[PDB]
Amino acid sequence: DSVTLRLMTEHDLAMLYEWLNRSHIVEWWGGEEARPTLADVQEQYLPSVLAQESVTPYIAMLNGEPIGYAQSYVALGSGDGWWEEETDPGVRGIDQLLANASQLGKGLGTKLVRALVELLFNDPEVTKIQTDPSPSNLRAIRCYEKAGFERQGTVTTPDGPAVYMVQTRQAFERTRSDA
């Protein structure tokens, strides 16, 4: 059915910790910080701490069950080394994961990304959404393409080379109807 988003709260942190230590997630999420301890997740993902980095955390919901984690961020407002060429404060980036190995490759990630893109463009200040999957992460790249993102090129980030992908507000508008 329909994938929706709610703000993550401090009450979700234990659950997020469990998720971040599942093998299908560890593979693509964490980097240096792969397999975080409970304290790590509590210290790093508390919504008020993420707020200091211009990051907003969400829980993805399907049929009343939490099925994944997502975040949006102000690109111009990111940590040292991140998006240092950005000039547009309207640019938002996203990252996300599906909690359950059993639910991968069945279109749910595309639904989640579409829901996040729609949410973000419902802020009229937002001009463009970006994402930055690893070049190794072909599944994530395809999901993003299915959700309306276009590959731009390779960029150097603090987490290594990434495939920079974008979806502009104009593109989103044009694709809302076949009219």
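Quick note: we count residues from 1 along the sequence shown, nothing fancier.
For the two regions 30-38 and 46-54, the entry's Cα B-factors average higher over 30-38. Per-stretch averaging of Cα B factors for 159-167 and 7-15 places 7-15 on top. Across the options 75, 94, 104, 97, the residue with the most elevated CA B-factor in the record is 104. Across 153, 124, 66, 135, the greatest Cα temperature factor reported in the deposited entry is at 66. Ranked by Cα temperature factor within the chain, residue 90 sits in the lowest third according to the deposited record. Among all modelled residues in this chain, the alpha-carbon of residue 61 has a temperature factor (C-alpha) in the highest third.
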